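Chains as they are written, first to last, in the authors' numbering: chain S11, 12 to 127; chain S21, 3 to 67; chain SMPB, 11 to 160.
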Amino acid sequence: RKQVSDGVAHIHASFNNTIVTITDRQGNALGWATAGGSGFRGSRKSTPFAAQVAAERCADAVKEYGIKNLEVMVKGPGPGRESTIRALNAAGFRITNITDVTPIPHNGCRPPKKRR
Amino acid sequence: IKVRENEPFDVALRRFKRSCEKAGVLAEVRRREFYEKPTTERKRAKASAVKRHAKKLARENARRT
Amino acid sequence: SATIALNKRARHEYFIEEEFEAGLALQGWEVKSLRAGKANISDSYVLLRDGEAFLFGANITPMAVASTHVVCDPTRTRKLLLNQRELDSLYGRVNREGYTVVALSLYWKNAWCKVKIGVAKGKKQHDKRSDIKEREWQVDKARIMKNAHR
RNA sequence: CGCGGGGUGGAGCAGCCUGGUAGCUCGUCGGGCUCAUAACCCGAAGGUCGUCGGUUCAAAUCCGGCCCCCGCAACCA
RNA sequence: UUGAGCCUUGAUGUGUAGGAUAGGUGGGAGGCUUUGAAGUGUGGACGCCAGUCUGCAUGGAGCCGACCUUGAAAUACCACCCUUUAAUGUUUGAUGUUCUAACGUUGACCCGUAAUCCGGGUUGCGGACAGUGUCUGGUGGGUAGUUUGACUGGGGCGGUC
RNA sequence: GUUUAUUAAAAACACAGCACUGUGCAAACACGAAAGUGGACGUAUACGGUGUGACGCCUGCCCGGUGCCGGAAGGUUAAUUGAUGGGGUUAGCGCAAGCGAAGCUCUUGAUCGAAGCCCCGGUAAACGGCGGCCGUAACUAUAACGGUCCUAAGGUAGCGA
RNA sequence: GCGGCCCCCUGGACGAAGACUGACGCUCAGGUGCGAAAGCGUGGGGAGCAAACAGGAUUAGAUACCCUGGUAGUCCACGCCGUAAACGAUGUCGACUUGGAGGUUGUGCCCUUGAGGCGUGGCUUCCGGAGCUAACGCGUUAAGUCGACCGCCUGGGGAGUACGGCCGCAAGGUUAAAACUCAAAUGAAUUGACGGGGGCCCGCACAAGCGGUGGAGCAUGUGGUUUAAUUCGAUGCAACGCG
Numbered sequence: 012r013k014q015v016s017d018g019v020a021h022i023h024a025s026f027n028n029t030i031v032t033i034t035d036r037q038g039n040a041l042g043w044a045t046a047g048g049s050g051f052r053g054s055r056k057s058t059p060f061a062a063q064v065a066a067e068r069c070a071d072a073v074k075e076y077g078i079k080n081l082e083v084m085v086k087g088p089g090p091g092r093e094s095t096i097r098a099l100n101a102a103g104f105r106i107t108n109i110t111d112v113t114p115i116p117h118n119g120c121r122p123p124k125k126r127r
Numbered sequence: 003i004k005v006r007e008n009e010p011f012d013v014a015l016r017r018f019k020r021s022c023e024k025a026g027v028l029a030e031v032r033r034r035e036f037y038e039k040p041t042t043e044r045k046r047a048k049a050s051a052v053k054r055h056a057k058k059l060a061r062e063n064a065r066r067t
Numbered sequence: 011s012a013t014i015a016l017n018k019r020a021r022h023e024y025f026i027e028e029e030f031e032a033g034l035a036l037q038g039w040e041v042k043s044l045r046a047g048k049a050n051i052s053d054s055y056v057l058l059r060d061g062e063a064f065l066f067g068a069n070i071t072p073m074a075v076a077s078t079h080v081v082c083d084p085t086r087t088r089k090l091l092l093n094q095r096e097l098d099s100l101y102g103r104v105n106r107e108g109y110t111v112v113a114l115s116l117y118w119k120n121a122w123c124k125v126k127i128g129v130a131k132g133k134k135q136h137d138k139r140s141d142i143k144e145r146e147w148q149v150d151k152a153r154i155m156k157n158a159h160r
């Protein structure tokens, strides 16, 4: 399990679900535990409290790897990005750095026209 | 956007995440390019914005405020 | 299952309150045509006089012809096998100028024709606009509600 | 023709083996739940383990059978 | 590398009693200890996490066996070693790579010779593949040899044997 | 233009054109046991096969079946490998039967195993396919319509004795 | 209509003082050229988006909105198509006619003598006097006041269609009626009404609590049925122990 005290928190938030996973410094993932991975399948899949449980569900089950510090990367908007960081503050992990890595294109790809 | 907020912060308060937009182009790039409605919707909103400051000049009446 | 053609359009036109599972008596050519043989159910109502509750609007024609000598008409007022408990109460709450008994669906109960019948009430068109508005009102309400979480 | 295994709650899957102190969930009902239902949450239920014998302190386990599901190459009366 | 095979070796297994991670069968009451003990700080092993295994050094020189409640008994000591994990060496396939040296060149050089034939070496690029032989599954109207009955108011069809 | 030399000269073939598909060069393919050739002393604006047939407007829906292409998990899966299981003969025992060592044989088939098919998808200028029932309009009539049966879809544009 | 930056070629605009030509001016039927997007032809390319198409939902039905794919197209180059609510719905040019509040780009003077002060031009926004108008509004870039010229209008529907012409590969484009029908169609403003338009208010209206109906027996009234009669009237809310 490499006993890696360091950690990297790749948090991908969407408007329907929150993707919570912890990878190493090189980005190889340890494990993923999402809001759809802790019940709440359907209406309640976009909730910061459901993102809170998903932040807890990935906080544990990686305890074999022995992580105490992490740098936080947040991608995409959604119910997360303002509550899982509070969950990670209360998870016991060191909040070393919070970096917003939401990708902003320079209007290269044309968006669709849905939801009329 | 990228900040450690020093060592003993214990709370994010990352105002630079919301300083740029945090949802502006993050919702602008979602859908409805439309190629002329952003031209249209920036006309009347700026028309309303000038009118809001034009109707801000309605204090000159007595009004018994 | 063994369901036959159903009057789904009656729900748009009528707002039926209470239902029944009364059985229907039918002739020998009707049973063969009932499983398959193009049975229709539109504009189904009743013509009670004393105990003569008849499924009125039911167009079922013989697919394979099994008619000889005497006549055989595809549309008939088929006699319904109604319970006596369900019979005396229809001297009351069906005679109210708008109240009627319609058949929502047709099916089988172990090779017996049991027809799901219900006491319709009938919508005027001024409240028909409200219900179509209400169905769109329920959908668009959560669309506003979901925008708080975007 | 004789080679490969498994048969267990209503259901589909494990514990058996590396012996003793049979569960899980699907379908059920019990409740919550609710302008209304439901999403979803829990409460409960069920086969002595295909059958019959033996070994064994101890057989659902292991071994003898028998039966069933099959899979298989055979298939020149 | 990856697994298997076995050598060596520890680890490895509390129906219920019960202080016991006591396996079975079994030979056994002295093993053993200062060629440094009871029992420490614990590491790690560990596990039905009950509690042992347990490196080292302080500790420093005693502990357990029949003995005891147990169906049973004591790893005090072991034998066959079952069980279970890894190391060790060993025979093997399978996979990944490197190399050139078999093998390929209808890449290049010159030579036989003046001859894109062919052969000689030089040399390059491939390279133990490819391709060939034997065996073998699959495909195969591309091709070959043949079959497709009789009765019957002619025959076909139907019907029959 | 070509053709049934010698009963059929055309509504046939060919044709320009379009499309599909294959082929990266020692090409596919073809002749050929094989050397080697054609392709081609050409190499994707090239060559082979197929479908249609100037041109103009165009060419719809359907992948169940068959065929082709792709996928690799699993099921089945030859040769090999022979583990195991059975027998024969018999050194010897049984002074009777009966047994049985070693060896050599016959027999058994686990283990090894790709392609293939089963499976998962794509493919119709791949082969081909493209339906029905009754009820319904304030003259009769007629159904725009609604319900129904099955299919992968139910023949679109256009045309039609 | 045109924007990541760079380079290459090229048009126009405006500012300054002078020099110069000496009415070369304005406008325009025809004609000529350009002209969004979609589309057509040809050779390409194709991430994403996306008609059509297919599937999934919704509905009574949904060949739509929604959801999942997805071709043409979008993209490059060569030509074609000359059509848009191609509109500030206001043609082109000159002149004259209260202002105020902004932006952009010049240029001149004085004090840059402290993010300056004052002039003078172009382009241009908003509000507005006179005036105009049917009103809304327009308003020194007029819809005010005139002058020059061209295009066009003549009730609504038929009808921008028919036939004919020419242009076009096609789609189509331009030119342009008649028969017949109707007594209205239309533009602005106004009062109410409604709004699945917005903002505020209050009420047992909801919430919040507590008691009931609807289940049961009898009592009363209505409908329905019967009768010789079971008089008649009251029957959304605002009838149904009402007259």
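Even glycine gets a Cβ: it sits at the ideal position worked out from N, Cα and C.
Inter-residue spacing [alpha-carbon to alpha-carbon] between residue i and residue j
i                 : j                 : result
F64 (chain SMPB)  : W118 (chain SMPB) : 18 Å
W147 (chain SMPB) : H159 (chain SMPB) : 20 Å
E144 (chain SMPB) : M155 (chain SMPB) : 16 Å
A49 (chain SMPB)  : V81 (chain SMPB)  : 19 Å
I3 (chain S21)    : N108 (chain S11)  : 11 Å
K89 (chain SMPB)  : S43 (chain SMPB)  : 17 Å
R16 (chain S21)   : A98 (chain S11)   : 16 Å
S21 (chain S21)   : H55 (chain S21)   : 25 Å
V19 (chain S11)   : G50 (chain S11)   : 25 Å
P122 (chain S11)  : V27 (chain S21)   : 12 Å
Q63 (chain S11)   : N39 (chain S11)   : 23 Å
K138 (chain SMPB) : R21 (chain SMPB)  : 11 Å
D17 (chain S11)   : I106 (chain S11)  : 11 Å
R19 (chain SMPB)  : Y109 (chain SMPB) : 17 Å
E30 (chain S21)   : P10 (chain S21)   : 36 Å
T113 (chain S11)  : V13 (chain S21)   : 21 Å
Within 8 Å, strictly: CB atoms of residue i and residue j
i                 : j                 : result
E23 (chain SMPB)  : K133 (chain SMPB) : yes
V125 (chain SMPB) : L34 (chain SMPB)  : yes
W39 (chain SMPB)  : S77 (chain SMPB)  : yes
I78 (chain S11)   : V15 (chain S11)   : yes
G91 (chain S11)   : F26 (chain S11)   : no
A32 (chain SMPB)  : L91 (chain SMPB)  : yes
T45 (chain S11)   : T29 (chain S11)   : yes
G87 (chain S11)   : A24 (chain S11)   : yes
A12 (chain SMPB)  : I51 (chain SMPB)  : no
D35 (chain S11)   : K19 (chain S21)   : no
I127 (chain SMPB) : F25 (chain SMPB)  : no
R33 (chain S21)   : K125 (chain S11)  : yes
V104 (chain SMPB) : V75 (chain SMPB)  : no
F60 (chain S11)   : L81 (chain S11)   : no
Neighbouring residues, chain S21, relative to residue i (Cβ below 7 Å)
i                : result
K124 (chain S11) : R33, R34
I115 (chain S11) : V27
Chain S11 contact residues for residue i, given Cβ-Cβ distances below 8 Å
i               : result
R16 (chain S21) : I109, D111
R6 (chain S21)  : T107, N108, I109
Chain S21 contact residues for residue i, given Cβ-Cβ distances below 9 Å
i                : result
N100 (chain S11) : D12, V13, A14
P88 (chain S11)  : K24, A25, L28, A29
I96 (chain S11)  : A14, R16
6 Å Cβ shell around residue i - same chain, five flanking residues per side excluded
i               : result
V73 (chain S11) : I33, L41, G42
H21 (chain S11) : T32, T34, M84
Same chain, Cβ closer than 7 Å to residue i, neighbours up to 5 away in sequence not counted
i                : result
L57 (chain SMPB) : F64, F66, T87
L97 (chain SMPB) : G61
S54 (chain SMPB) : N17, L65, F66, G67, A68, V112, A113
Contact list for residue i against chain SMPB, beta-carbon separation under 7 Å
i               : result
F51 (chain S11) : Ordered by position in chain SMPB, no residue passes the 7 Å Cβ test against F51 (chain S11), which lies about 13 Å from the chain.
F60 (chain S11) : Per Cβ cutoff of 7 Å: no residues; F60 (chain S11) is ~11 Å from chain SMPB at best.
Beta-carbon contacts of residue i that lie in its chain and below 8 Å, excluding the five residues immediately before and after
i                 : result
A102 (chain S11)  : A66, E67, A70
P72 (chain SMPB)  : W39, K42, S43, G47, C82, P84
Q135 (chain SMPB) : none
Cross-chain neighbours of residue i in chain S11, by beta carbon under 7 Å
i                 : result
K19 (chain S21)   : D111
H159 (chain SMPB) : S57, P90
Where residue i meets chain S21, residues with beta-carbon distance less than 8 Å
i                : result
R121 (chain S11) : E35
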